[PDB]
Amino acid sequence: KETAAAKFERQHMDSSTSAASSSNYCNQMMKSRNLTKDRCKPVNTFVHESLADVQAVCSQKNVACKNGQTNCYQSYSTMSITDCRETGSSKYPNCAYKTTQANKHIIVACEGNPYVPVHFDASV
Amino acid sequence: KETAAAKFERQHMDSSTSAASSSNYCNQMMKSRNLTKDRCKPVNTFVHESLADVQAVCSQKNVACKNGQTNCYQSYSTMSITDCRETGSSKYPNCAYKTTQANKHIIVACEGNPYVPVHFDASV
Amino acid sequence: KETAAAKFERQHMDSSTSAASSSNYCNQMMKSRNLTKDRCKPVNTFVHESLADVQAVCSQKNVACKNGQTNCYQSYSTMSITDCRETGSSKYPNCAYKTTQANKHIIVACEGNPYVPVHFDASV
């Protein structure tokens, strides 16, 4: 079972490249990292920085996540990234993406590895 | 000094059984899992699923925690559980419980393991 | 690369001393613990308790952190600690601190180890 940390690396790390090589970059990446295996992940971002650099962000500026959790951290400096967003016509199994390169700060959610149960909140 | 993860297992996991086999299930389990040694724990639920299944809930749907932390996750599917609630006359050293078998989504709070001090927030 | 757990032990743990052994303790300590290498850290506290005693706080009373994060806990018992506040005259590389012994409850922020990225939340 791939861990969440491992899956983050497969889905969002692309350290061997400095920017998107072309407009088709997202079509080739979404596919090779298996993000189109059984559905078209709608939107996905790849970071062109070293793993050490993205990992250090868990020690940078704390910010609340879009969902409210308090384990999100924003990078102190900008990083090269590529957003991949499914086009209007894309329909599994014919997933199509638009590639958008940019250089912005990133926000990642962090957790211990492993992350296990320690309290029983309730049953619903 | 039992770890919090091991304590959750002792207090909440009963994998070897599919459901409560009797109404005295709670009196027997609260006693054998040492939940009546330090006082009568008022309420406690046991999950009849694999350690793998329960551990995977830490990666399922994030939901609000009754205590306000942002580390609660609800299981995508229902699981067989056994709620143990102290009877009206229960009182240490004669703890007694009502057994209620059910099928419900469970909500557990998750944490890294080990889970250590990383910042000094304040003194009070 | 020093871990976050390790950096805490180095900046806030002083287990070999039951309390500030002199009013020059902060001046010595702030230097020996490298909190004066690049600049003089404004304020810092040391906890005169074993490491286990402090690690045990991650299981104690959950209280909000100064920044709103929900991973802070307050010790049930008060502890022997030392506040080090930089004197207004202090100017790097001449770091002068005012030492102040105290017996207070400590509040620490806790995380898993390792603590790594698991979701890409946004780019700002």
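Residues numbered from 1 in each chain as written, not as in the entry; some residues may be left out. Chains lettered and ligands numbered in written order. Heavy atoms only, no water.

One open sheet accounts for 4 strands, arranged β7(A)-β6(B)-β3(B)-β2(B); its pairing is antiparallel. Bordering the open sheet on either side are β7 (115-123) of chain A together with β2 (61-63) of chain B, each of which pairs with just one other strand. If you compare each strand with its neighbour and ignore which way they point, the axes differ by 40° on average. The sheet contact formed by β7(A) and strand β6 (residues 106-112) of chain B spans 7 bridges and is antiparallel. Following the sheet pairing, A:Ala122 is matched in β6(B) by B:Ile107. Packing of helix α1 (residues 4-12) of chain B onto the sheet brings it into contact with β7 of chain A together with β6 of chain B, and relative to β7(A) it is tilted by some 40°. (Pairing = 2+ DSSP bridges. Helix = DSSP H or I, 4+ residues; strand = E, 2+ residues; numbered from the N terminus. Axes fitted to C-alpha atoms, helices over the stretch in contact; angles between N-to-C directions. Contact = heavy atoms within 4.5 Å.)

Here we come to helix α2 (residues 25-32) of chain B. Residue and element names in this part refer to chain B. Listed in full, the buried residues belonging to α2 are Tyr 25, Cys 26, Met 29 and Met 30. Taken around the axis of α2, the buried residues stretch over an arc of 110°, which confines them to a single face. Contacts from the buried residues of α2 go to β1 (43-47), β4 (79-86) and β5 (97-104). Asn 34 occupies a position one or two residues after α2 and carries a positive phi of about 60°. (Buried < 20%, exposed > 50% of the residue type's maximum accessible area, 1.4 Å probe, protein only. Arc of directions from axis to C-beta.)

This part is about the UniProt feature "binding site: substrate" in chain A. Residues and elements named next belong to chain A. Per the UniProt record, "binding site: substrate" is annotated on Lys 7, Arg 10, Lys 41, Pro 42, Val 43, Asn 44, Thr 45, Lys 66 and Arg 85. Mapped onto the elements, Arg 10 comes out in helix α1 (residues 4-12). Residue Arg 10 is classed as partly exposed on the basis of its relative accessible area, which comes to 27%. If we ignore the near neighbours within four places in the chain, the residues touching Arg 10 are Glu 2, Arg 33, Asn 34, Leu 35 and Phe 46. (UniProt positions renumbered as here; feature names shortened; annotations may be inferred.)

Residues and elements named next belong to chain B. Position of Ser 80 relative to the elements: it lies in strand β4. On the basis of relative accessibility, which here comes to 10%, the residue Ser 80 falls in the buried class. Polar contacts involving the side chain of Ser 80 include one to the main-chain carbonyl oxygen of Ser 18, which spans 2.9 Å. Leaving out residues up to four positions away in the same chain, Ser 80 has contacts with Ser 18, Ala 19, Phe 46, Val 47, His 48, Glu 49, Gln 101, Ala 102 and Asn 103. (Polar contact = N/O pair within 3.5 Å; in protein donor to acceptor, adjacent residues only side chain to side chain.)

We now examine α1(B). Among the residues making up α1(B), those that are buried are B:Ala5, B:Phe8, B:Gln11 and B:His12. Along α1(B), the residues classed as buried sweep out an arc of 130° about the axis, all on the same side. Summarising the contacts, the buried residues of α1(B) are in contact with β7 of chain A together with β1, α3 (51-55) and β6 of chain B.

In a structure, side chains of opposite charge can pair up when their charged atoms sit close to one another. For the structure on display, the rule yields 3 salt bridges over all chains. Between A:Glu2 and A:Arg10 there is a salt bridge, with the nearest N and O atoms lying 2.9 Å from each other. (Salt bridge = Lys/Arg side-chain N within 4 Å of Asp/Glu carboxyl O.)

All names here are of chain C. Counted according to the given criterion, the structure contains 12 disulfides over all chains. Here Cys 58 connects covalently by a disulfide to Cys 110, the sulfurs 2.1 Å from one another. Judged by the sign of its S-S torsion, about -85°, the cystine formed by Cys 58 and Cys 110 is left-handed. Placement of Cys 58 in the loop between α3 (51-55) and β2 (61-63) and of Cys 110 in strand β6 (residues 106-112) is noted, with a sequence separation of 52 residues between them. A residue is classified by how much of its surface remains accessible, and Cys 110, at 2% relative accessible area, is buried. Bonded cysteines in chain A are paired 1-6, 2-7, 3-8, 4-5 when counted in the order they occur along the chain. (Disulfide = S-S within 2.5 Å.)

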